[PDB]
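Shown below, as structure tokens, is a lone chain in the form deposited in one PDB entry; questions about how it binds or moves come after it.
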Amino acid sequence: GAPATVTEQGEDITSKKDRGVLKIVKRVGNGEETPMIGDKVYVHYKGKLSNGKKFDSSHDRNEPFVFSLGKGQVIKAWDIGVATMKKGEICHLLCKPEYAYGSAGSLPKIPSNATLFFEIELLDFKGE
């Protein structure tokens, strides 16, 4: 399925090249610009534990998910991965625990050492 495809074909967008954040573009966006640290980003997404459990549809097409990029308002994998997106782009993002909740997890929802998968659509972004 989609997580396996990102394992096999995904691009490693980590600084360390440790495969901790793997990406596939599923729909190409518009233009060339991608958001800078401090930009406000507006997203629709859905995600899960990579093994299918704990599905999150809270922002799948209803109210946008909003945060300021590169400020640690989200897990590291998102500050890294949403930064690479164009407006209108949809990507698949596979996130190892060191870029997500680590060995701590976020119990009971996220277990210790969990890999996460997201389908993310960047709707817009704007300067601070």
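Here, rigid core means the biggest group of C-alpha atoms that superpose within 1.5 Å across both forms. Note that residue numbering follows the sequence shown and begins at 1.
Not on display, but discussed next: the form deposited in another entry.
Just one residue from the list 86, 26, 54, 76 crosses the 2 Å line for C-alpha shift between this form and the one not shown on a rigid core fit, and it is 54. In contrast to the form presented, in that other deposited form the C-alpha positions of residue 54 and residue 90 draw closer by 3 Å or more. An increase of at least 3 Å in the separation of the C-alpha atoms of residue 60 and residue 41 is found in that other deposited form, compared with the displayed form.
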